[PDB]
């Protein structure tokens, strides 16, 4: 059993915790309890191989913005999450991308761009704009809903595959 260290990052309120708890427990969290730092484990078979996912769920609130280097050092791949009804959260993605690259001193860090809350009709970030950004990073773009489970396994397990082949 290979172990994989995944880290979920992005602006406050985009659904990092809801995505993670949907993956771990098959439950949608309605409350908005801002995270400081949480960690989860999941044994799962991906492409016929059993592994153990360690998932770090990080703080999006700006008051925690000086505490990120410590978790970026440990992570092997990153889910970069924004919400498709929150343009500021999409503009915040590049700050996370640049900090991860600096901390890990690498242009080639496993990452997936995640556009969450895709169950909501009132979109303000178009898929094309997010896909363009993802291509500029060399990474896939996956739209998700922590509420309905749409795309949730695809997002996390695509990240595992990129760590596996790194």
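Numbering follows the first chain given and starts at 1.
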Checklist outcome for this item: Averaging the C-alpha temperature factors as deposited, the higher value of 67-75 versus 80-88 falls on 67-75
Checklist entry - Looking at the deposited entry, does 101-109 or 44-52 carry the larger mean Cα B-factor? => result 101-109
Item to check | Residue, from 139, 122, 36, 130, that the PDB entry assigns the highest Cα B-factor | outcome: 122
Checklist outcome for this item: On the chain's distribution of Cα B-factors, residue 27 falls within the third called highest
Checklist outcome for this item: For residue 16, the third of its chain by CA B-factor is the lowest
Checklist entry - Mind checking which third residue 159 falls in for C-alpha B-factor across the chain? => result middle
